[PDB]
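Contents: one structure, followed by commentary.
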Amino acid sequence: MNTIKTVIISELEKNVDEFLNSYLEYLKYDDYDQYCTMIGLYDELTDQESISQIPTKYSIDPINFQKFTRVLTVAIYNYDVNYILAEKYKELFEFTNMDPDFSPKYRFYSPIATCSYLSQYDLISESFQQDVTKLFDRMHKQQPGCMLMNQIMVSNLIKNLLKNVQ
Amino acid sequence: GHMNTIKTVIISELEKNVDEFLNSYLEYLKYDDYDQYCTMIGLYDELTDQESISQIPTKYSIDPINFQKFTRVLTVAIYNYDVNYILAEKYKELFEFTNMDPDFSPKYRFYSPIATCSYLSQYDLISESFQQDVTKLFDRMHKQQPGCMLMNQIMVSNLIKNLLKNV
Amino acid sequence: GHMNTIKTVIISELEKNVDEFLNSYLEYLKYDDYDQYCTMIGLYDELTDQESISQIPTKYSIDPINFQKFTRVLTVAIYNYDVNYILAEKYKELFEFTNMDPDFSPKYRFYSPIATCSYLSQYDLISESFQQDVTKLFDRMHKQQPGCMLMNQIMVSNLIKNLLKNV
Amino acid sequence: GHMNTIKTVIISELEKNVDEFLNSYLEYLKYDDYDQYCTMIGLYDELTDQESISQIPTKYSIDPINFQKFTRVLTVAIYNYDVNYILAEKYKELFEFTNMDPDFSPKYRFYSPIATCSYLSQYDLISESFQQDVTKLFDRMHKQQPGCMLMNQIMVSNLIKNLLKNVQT
Ligand SMILES: [Zn+2]
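Protein chains in written order, with the entry's author numbering: chain B, 1 to 166; chain A, -1 to 165; chain D, -1 to 165; chain C, -1 to 167.
Following this line, the structure appears as structure tokens:
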């Protein structure tokens, strides 16, 4: 609402919403309804207190809250620029035990394609970090050249805009 | 925090992409055409008043048909990177000279400069129906473009709109 | 003797394209002019000495001014397909018969024979200023040519030029 | 010089266009993918036997996925510049490695390297149907090409074919 960084964050979160909406295709019944409730709330998941209160405040099962946070971390990985989203959700990474400094060498993949591959991984696996690392690597090897250049153009343009304090 | 420097910051960023666009079309030019075009790349942000537009070709020894062709390549570049017509507003005197449509804005923008110039090299830049050719150009690029790229092209265009409105 | 084979075959191939240029110009001739030009297309490789050149009208029963018009059109075709002046040096005496510049070479060559003959149709072939008309002809086609075509024309010229190096 | 030297002169000239073709695709690569591809541009003329094809990636630290993608871009370049299959014959062991069709030949050749690489950047280089993608690639460029460009591409191919008539191989 205020600065360039806050507006960029809100715009990146709009794309995080679309990423999370793409995963909804693979959820059903009550898990679908709890996940939808989480999409409209995750920007509160910035401190350990709020992280522990909202699953019970909004009646979300601990397993569904666990699975949502892991899909949210992959979304953050896909849309982050200069770790501004990883820093904002600093305490979310401490809750889900995932690397806050990981960043794939290419970002802004298709949310439909990314969730299509993510749908066949065990979200709460102890090896989920390396599963995410292999997921972006596979999409990198698969991606045509024109798409990758578009992806680095998006990241570079946002990086240049963030350098503008004056 | 607000003011108008966000619009200035965005314009400088969009003009960096205009630079790469203009450099990409250099691949289709040799000899004097290449030399004159390179001179215009360093001068195009001065094409904001009718006096400069008049003096540039004779002052820098630019063939008038090469000046006309450059302003048309530059216009296609503006079409490809403009958001909320801020570039068209800044270069409103350029549109007054070229007589190109200042309200034209393609369905999707921020196409690859190499891909766009490859299509643009197929057209007669001094055609009297060049405006219709530009419309065909952006339509052809949209009908071939995968949805994954069009996604990000909308994303950047919406991000810049958000930055401009909400400072 | 492979380098002389390369130069001989390349000269023969360029003349094949001169033939197709001359065949395209037949569409602008009617009735008797058609017949004599068809003949001259088959014998222009004999126009290498002033003796032969002067004997052509009497030997082949060709109108003297239809021959001189043919030599002018042939000169334009040589300009359009020459590389390293191998055609200009072979037909050097023809350039002395027509008094056309054997050192002239346009910035780009290998234009369309259909497009070239269409513009050439507007010129008087035996005008004394036909050399300046030819300069306008190639300069006009350069100005109207899309960038992708010009890059294909220079690609063709560079490849043949590189094959001829060290001859 | 013997007539068969004409073949060597032509191959040397066609590989110059292969170099420009390979340098054009560099626009669609960044970081270490760009670096490994650059190293391969200066080594592809050694990919004429299976033992060299096997050892070049290890000796120069090229990742198998990048080596495979390089050989597929090299194959499209060979398709775009070959005449009388002289390049496909010289690099027949490359076609053995890539499993690409050594007998494929587009309707026209000598398309612009910038335009072709722009089309090529839209495709998955390691797709199982890449051969079908290549066929469609050249067919798309054919149907969009203006006739005067095509006729110059015919003229160059015909000139090289006539030169090769003097070669008994
Ligand atoms: Zn020899």
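Even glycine gets a Cβ: it sits at the ideal position worked out from N, Cα and C.
7 Å CB neighbourhood of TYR117 of chain A in its chain, flanking five on each side removed: In the second sequence, the residue the question calls residue 117 of chain A occupies position 119. Once the five neighbours on either side are set aside, the close Cβ partners of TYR117 of chain A are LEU135, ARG138, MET139.
Is the segment 84 to 103 of chain D close to the segment 5 to 16 of chain D, with three or more CB pairs under 8 Å? yes
For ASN82 of chain A, would you say it is in contact with chain B, using Cβ-to-Cβ distances shorter than 8 Å as the test? Residue numbering aside, residue 82 of chain A sits at position 84 when the second sequence is read from its first letter. Taking Cβ atoms only, chain B never reaches closer than 8 Å to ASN82 of chain A, which makes this a no.
Nearest-angstrom Cα distance between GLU25 of chain D and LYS67 of chain D? As a first step, residue 25 of chain D must be located in the third sequence, where it is residue number 27. As a first step, residue 67 of chain D must be located in the third sequence, where it is residue number 69. Cα-Cα distance, rounded: 15 Å.
Output yes or no for whether 8 Å exceeds the beta carbon distance between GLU91 of chain B and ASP43 of chain B. Translated into the one-based positions of the first sequence, residue 91 of chain B becomes position 91. Translated into the one-based positions of the first sequence, residue 43 of chain B becomes position 43. In this structure, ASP43 of chain B does not lie closer than 8 Å to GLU91 of chain B by Cβ.
Residue range of the unbroken alpha helix (DSSP H) whose run includes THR37 of chain C: Walking along the fourth sequence from the start, residue 37 of chain C turns up at place 39. Where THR37 of chain C is concerned, the enclosing alpha helix (DSSP H) stretches over 29 to 39.
Using beta carbons (cut-off 8 Å, strictly below), is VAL154 of chain C in contact with chain D? One-based indexing of the fourth sequence puts residue 154 of chain C at position 156. Yes, its Cβ sits closer than 8 Å to a Cβ of chain D.
The segment 4 to 31 of chain C: positions lying closer than 8 Å to chain B by Cβ: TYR23, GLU25, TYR26, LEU27, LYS28, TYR29
Check whether the Cβ atoms of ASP131 of chain A and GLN142 of chain D lie closer than 8 Å to each other. Within the second sequence, the letter at position 133 stands for residue 131 of chain A. Within the third sequence, the letter at position 144 stands for residue 142 of chain D. Taking 8 Å as the Cβ cut-off, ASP131 of chain A and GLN142 of chain D do not qualify as a contacting pair.
Note down, in chain order, all residues in the segment 82 to 111 of chain A with a beta-carbon under 9 Å from any beta-carbon belonging to chain D. none
With a threshold of 16 other CB atoms inside 10 Å of the CB of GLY145 of chain B, please say whether the residue is buried or exposed. Here residue 145 of chain B refers to the residue found at position 145 when the first sequence is read from its first residue. Buried.
Is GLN142 of chain B close to chain C? Criterion is C-beta to C-beta, closer than 8 Å. Here residue 142 of chain B refers to the residue found at position 142 of the first sequence. Yes - at least one Cβ of chain C is within 8 Å of the one on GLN142 of chain B.
Considering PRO111 of chain B, what are the terminal residues of the alpha helix (DSSP H) in which it resides? Taking the first sequence and counting its residues from 1, one reaches residue 111 of chain B at position 111. Per DSSP, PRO111 of chain B belongs to the alpha helix (DSSP H) from 111 to 118.
When burial is assigned at 16 or more other CB atoms within 10 Å of the CB, is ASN160 of chain D buried or exposed? Translated into the one-based positions of the third sequence, residue 160 of chain D becomes position 162. Under this definition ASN160 of chain D is an exposed residue.
Minimum C-alpha distance to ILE152 of chain B - residue among A:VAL71, A:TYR109, A:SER50, A:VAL74: Here residue 152 of chain B corresponds to residue number 152 of the first sequence, with the count starting at 1. Considering only alpha carbons, the answer is A:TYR109.
Secondary structure at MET1 of chain A, three-state DSSP: helix, strand or coil? The residue you call residue 1 of chain A lines up with position 3 of the second sequence. Three-state result, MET1 of chain A: coil.
4 or more residues per run - each alpha helix (DSSP H) lying fully within the segment 37 to 112 of chain A: 48 to 57, 62 to 79, 84 to 88, 90 to 96
For review: beta carbons within less than 5 Å of any heavy atom in ligand 1: D:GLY(-1), D:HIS0, C:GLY(-1)
Under 7 Å between beta-carbons, which chain C residues line up against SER116 of chain A? List them in chain order, please. Walking along the second sequence from the start, residue 116 of chain A turns up at place 118. Result: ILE112, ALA113, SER116.
Here's the rule I'm using: 16 or more other beta-carbon atoms within 10 Å means buried, otherwise exposed. How should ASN2 of chain D be labelled? Numbered from 1 along the third sequence, position 4 holds the residue referred to as residue 2 of chain D. Answer is exposed; the Cβ neighbour count stays below 16.
Which two residues bound the contiguous alpha helix (DSSP H) that contains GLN142 of chain B? Locating residue 142 of chain B in the first sequence gives position 142, counting from the first residue. Per DSSP, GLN142 of chain B belongs to the alpha helix (DSSP H) from 128 to 142.
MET98 of chain A versus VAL71 of chain A - alpha carbon distance: In the second sequence, counting from the first residue as 1, residue 98 of chain A sits at position 100. In the second sequence, counting from the first residue as 1, residue 71 of chain A sits at position 73. So the alpha carbons of these two residues sit roughly 11 Å apart.
For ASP122 of chain A and chain D, any beta-carbon pair shorter than 8 Å? Indexing the second sequence from 1 puts residue 122 of chain A at position 124. At least one chain D Cβ lies under 8 Å of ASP122 of chain A.
Just to confirm my understanding: we take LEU45 of chain B, look at its own chain, exclude 5 residues before and 5 after, and list those with CB closer than 6 Å. What are they? Numbered from its first residue, the first sequence carries residue 45 of chain B at position 45. These residues qualify, in order along the chain: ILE51, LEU92.
Under a three-way DSSP split, which group does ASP17 of chain A fall into? Locating residue 17 of chain A in the second sequence gives position 19, counting from the first residue. If DSSP states are grouped into helix, strand and coil, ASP17 of chain A belongs with the helices.
Can you find a C-beta in chain D that's less than 8 Å from the C-beta of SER50 of chain A? Working through the second sequence from its first residue, we reach residue 50 of chain A at position 52. Cβ-Cβ to chain D under 8 Å: no for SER50 of chain A.
Is the Cβ-Cβ distance between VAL154 of chain A and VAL154 of chain B less than 8 Å? Here residue 154 of chain A is taken as the residue at index 156 of the second sequence, counted from 1. Here residue 154 of chain B is taken as the residue at index 154 of the first sequence, counted from 1. Yes; because the gap between Cβ atoms is below 8 Å, this pair is in contact.
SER125 of chain B, enclosing alpha helix (DSSP H) - first and last residue: Position 125 of the first sequence holds residue 125 of chain B. Run containing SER125 of chain B: none; DSSP gives neither H nor E here.
Which two residues bound the contiguous alpha helix (DSSP H) that contains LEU148 of chain A? Here residue 148 of chain A is taken as the residue at index 150 of the second sequence, counted from 1. Run containing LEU148 of chain A: 145 to 163, per the alpha helix (DSSP H) assignment.
Among D:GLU49, D:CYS115, D:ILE76, which has the Cα closest to the Cα of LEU27 of chain D? On the third sequence, residue 27 of chain D is found 29 positions in, with the first residue counted as 1. The candidate whose alpha carbon is nearest that of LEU27 of chain D is D:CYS115.
Using beta-carbon positions only, say whether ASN64 of chain C and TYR35 of chain C come within less than 8 Å of one another. Taking the fourth sequence and counting its residues from 1, one reaches residue 64 of chain C at position 66. Taking the fourth sequence and counting its residues from 1, one reaches residue 35 of chain C at position 37. Cβ distance < 8 Å, so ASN64 of chain C and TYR35 of chain C count as in contact.
For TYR58 of chain B, count neighbouring C-beta atoms within 10 Å of its own C-beta (all shown protein chains included) and say buried if the count is 16 or more, exposed if not. Looking up residue 58 of chain B in the first sequence gives position 58. By the 10 Å Cβ count, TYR58 of chain B comes out exposed.
So what's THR167 of chain C in DSSP terms, helix, strand or just coil? Walking along the fourth sequence from the start, residue 167 of chain C turns up at place 169. Note: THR167 of chain C maps to coil in three-state DSSP.
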